[PDB]
Every structure is written in structure tokens, then in C-alpha cells.
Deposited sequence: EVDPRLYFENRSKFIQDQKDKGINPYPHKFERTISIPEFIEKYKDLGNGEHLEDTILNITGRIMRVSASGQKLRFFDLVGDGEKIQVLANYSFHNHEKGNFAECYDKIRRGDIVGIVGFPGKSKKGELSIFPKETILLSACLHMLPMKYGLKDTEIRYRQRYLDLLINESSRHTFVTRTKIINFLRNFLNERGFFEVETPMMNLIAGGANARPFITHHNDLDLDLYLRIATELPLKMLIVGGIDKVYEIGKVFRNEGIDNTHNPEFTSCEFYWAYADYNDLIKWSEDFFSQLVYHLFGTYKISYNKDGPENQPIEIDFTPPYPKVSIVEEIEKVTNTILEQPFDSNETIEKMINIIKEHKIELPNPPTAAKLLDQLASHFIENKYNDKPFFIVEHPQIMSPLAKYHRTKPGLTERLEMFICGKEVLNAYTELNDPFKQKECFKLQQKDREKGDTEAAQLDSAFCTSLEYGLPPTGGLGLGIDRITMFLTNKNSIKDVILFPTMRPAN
């Protein structure tokens, strides 16, 4: 009843006073729990491997006359502990005084032999049990977990069995991406997180240079510079910081991977995306199809099919076609801008302030196009050069660029394009523009939204679920 702590703290101090160390230095375990289940799951009911002493450790998660049961968890797997007065080595002390000290949450060292119960329960049978690290608080009951999960993540990880899955998956995702690129000749680099130079940035102050720096909003410019350097296939997975608002799909600090492929272009990157996504999902599910609760764990889930190829939708054409309106170039012209503001009002969507063309197009696309498909990922392609300042101009469609955005359930996870490489047509940094002048070969570059990808492949509604310690208000 929440005063357990003071009790437990006193007991610890009492243990110290009686000369016993309750936080011992090293216990030499000879096997882990996942191994123990792997090694011993094929013993027959009631069988004991009486002549196999093992040193094993875990965390007690249920303390169940002269006999005691326990639940021992470790690396996310449990076995049972069957301590028996008959089997206890009495030289180490009074059996019932030894086990009456063990609480739920306690971390223990067990010297015993591997066996099974009459029921066929795989267990370990100890001669000796030592307390290695005690749990002083009252641990939440199995399925007793809100907003405790995000602050006290360790508690989430210990009680809620799927929580470990989420984060194991997350790493399998990154491990994949790393290999997928490395196999394809790519070369992982580190670029600076702090700099002198579209999103509002985080600002911080360097002391020994007495200068205000800006935490990076992407990894684009330094990466492109390395292509100039002759590192033809280059990539970086890392944190990036944007100072905008927070929601279920947005978090101020988030993981992103960008790569730059020299001599490639739009079409190569479309192939890349399709190849990567389909394979990744298959690597994790043995199928290109997954279930996904778009509306929540209470509502019916939808099915997403990752079988390539995926649908391509052109940004301009589609909006025209959905509204029966035609949008004359330049898109920033007074006739065309005023036309869009009419469409935003005529369909009653929230209007962006300030109303600049590219910002009006994004909101239009956002409402009309971005919910075209939920059952498969799809691309929105060939964005106008006004939305796409660093992208190469479309080689046949004037005004547009060779740009792609991939969408899963209406949210953006990928963004790539052919890199504008002619320094003249680049109408940002002095160093960057200087690099262009030294010759950037035809390049195609892409970026992934790791956390959003992780959300979809772990069936989560909130980005906070797939980040270990999300940035939260106190």
C-alpha cells in the first residue's frame, strides 16, 4: 500500500547491519534464460537432470509449507523456480528464512539443477538463492498499465510483453536498412549535428566559440558535399531536430536516414523504395501484407499490401482532376493563388498563413490526394519546382521536378528526388553552393522517416510508442 518502500529500505539497512550484503558485486552465471529454455524444453514431465548444477539469474515476478514457486523472467522469457526444503543446501542457512526475504521485482542469483514438474512445467530447482538487487517499490500487476509508460519506460518493458517487441522490431528495422545499403555498396558517414545554417530550427550557444549554432533539420547539404568529394554512394542514419509542434506523427527530435546515390535518378529511386519496403516487410513478416489498426485497438484494423509496384500519383494533375479546376503557371501568380484560396474556402479546409503558393499546394494535396489509398503505399510525384528548391527540374514537364513522396496510411515516410546539380540553376550555405561549383555529378537522393516506418510495422498510433524515452512535459 505504497509504504512498502520504507519497509523494504529498512530491511536492506537491517541486512547490512546483520553483515549481509544485499547488493553483491558479481554473481557468475553460467547460462541465460533464453538459452535455458532452448536447452531444456525437451525434457519429459517430472524429469530432473539431477547432476547438472547451473548458475542462473532473473527477476522474480510472482512469489507463489516446505516448498515455494516463483516466476523468473530474463530477456523477456520466464521459467519457474521450484525451491524445496529437501533440496536446499542447509549449510548456507535456514531455508524458510532465506525465501521469506524474496519479493516480487527482486533480482536473484540461483544455483540449481534444470528440471520439469509433474504438470510438465519447465523449471529450475535451487540449492541456493542469493539476493543480487532488490526491488524497493510496489511493482504494478500484470496488465496494470497510460503516461507511466513513457516516463518510466523500464516499467513498460518489464510488465507489458508487447512493449519489448516494439523496440526489438525497431532495431531489426534499422539493422536491415543498414545492411540493405551496405550490401549495395553504400558508405556510412557522420556529419555535424550543429551548424551555422524548410522548418524552424533549434538554437543553442557554443561557449568556446561564443557563437549561436543551429541544430540540423536534415543531413542533405553535407551529404551532397561528400558526393562532390567522390564518395559516390553515401548515407547517414541519425537524429535531426525540428522546432515545430508535437502530435501522434510528430516529435521535435526524430530518426532519419538519407542517402545519396551518384549517377542515379528519380526512376532508380522509385525502384529502390519499392524494393526496400517490400523486402523489409517480408523480412519481418514472411508476407508483403500486414494488419494495421488505423483507427485504434478498439476499432477494426485495415490491411496494407506492400507488394510492388505501388501507385504513382502526380501532384498537379490529380488536384486539377479532383477539383475540375486548371492551375495556370506560374503557380505564384495572382490569378492562380487567388484560385487556390477559393478552393480551400469552397471545400472549407483550414487555410495556411501566410498563403504562399507552395504552402497552398501542400494543404490542397493534403486534403485531396493524401487519403487516396490506405490499403497500399503510394507515391505522389513530380512536385512543382516552387515546392522543391533543391530538386532537379523535370526533364520533360516544365515547372515540375523529378520528386517523390511515399505515403503509408496518409502519412509521409519517404521523400526523394533527382538532385539539382547545376550551380547556375540554384537560385542555404556559402560552403554548399561553393561545392556545387566544383561539380556535383548526376545524383539521386532519398530520406526515410524511421519512426513513422517503425509505427506502421509495429502497429502503433502514436510516435511516442516507438521512441524509448519520448520528450515529455514534466
May I ask you to mark the stretches of the deposited sequence that the structure leaves without C-alpha coordinates?
1-3, 68-70, 152-153, 206-209, 440-458, 506-507
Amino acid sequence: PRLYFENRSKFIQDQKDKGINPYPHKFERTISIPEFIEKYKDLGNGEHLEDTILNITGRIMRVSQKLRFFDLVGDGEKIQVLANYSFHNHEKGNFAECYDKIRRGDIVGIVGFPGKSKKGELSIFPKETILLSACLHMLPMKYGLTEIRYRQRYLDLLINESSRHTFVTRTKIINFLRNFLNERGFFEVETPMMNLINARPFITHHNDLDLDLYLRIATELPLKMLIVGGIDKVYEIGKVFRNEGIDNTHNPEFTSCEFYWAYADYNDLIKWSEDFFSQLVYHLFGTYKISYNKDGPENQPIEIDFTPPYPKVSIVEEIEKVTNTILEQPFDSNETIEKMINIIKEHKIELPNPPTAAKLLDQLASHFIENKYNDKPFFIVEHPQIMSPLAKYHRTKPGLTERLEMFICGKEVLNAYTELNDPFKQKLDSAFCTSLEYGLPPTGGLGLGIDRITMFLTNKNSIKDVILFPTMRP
From here on, numbers count along this sequence of modelled residues.
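So that the term is clear: the rigid core is the largest set of C-alpha atoms that superpose within 1.5 Å between two forms.
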Do you reckon 321-329 or 174-182 strays further from the shown form in 8 other deposited structures of this protein, measuring C-alpha RMS after a core fit?
321-329
Core-aligned, which moves more in 8 other deposited structures of this protein: 332-340 or 128-136, by CA RMS?
332-340
Report, as yes or no, whether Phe368 is left without coordinates in at least one third of the other compared entries.
no
Unmodelled in at least a third of other entries of this protein, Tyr143:
yes
Would you tell me which stretch averages the higher CA B-factor in the PDB entry, 152-160 or 346-354?
346-354
Ranked by mean Cα B-factor in the entry, 274-282 and 357-365, top stretch is 357-365
Hey, out of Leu67, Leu428, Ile60, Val413, whose CA B-factor is highest in the deposited coordinates?
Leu428
From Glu253, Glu220, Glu190, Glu328, pick the one with the largest CA B-factor in the entry?
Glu328
Divide the modelled residues of the chain into thirds by Cα B-factor and specify which third, lowest, middle or highest, holds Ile453.
lowest
Which third, lowest, middle or highest, does the CA B-factor of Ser32 fall in along this chain?
lowest
Pull the Cα B-factor of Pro377 out of the PDB entry and bin it into the chain's lowest, middle or highest third.
middle
Lowest, middle or highest third of the chain for the C-alpha temperature factor of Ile12?
middle
For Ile319, the third of its chain into which the C-alpha B factor falls
highest
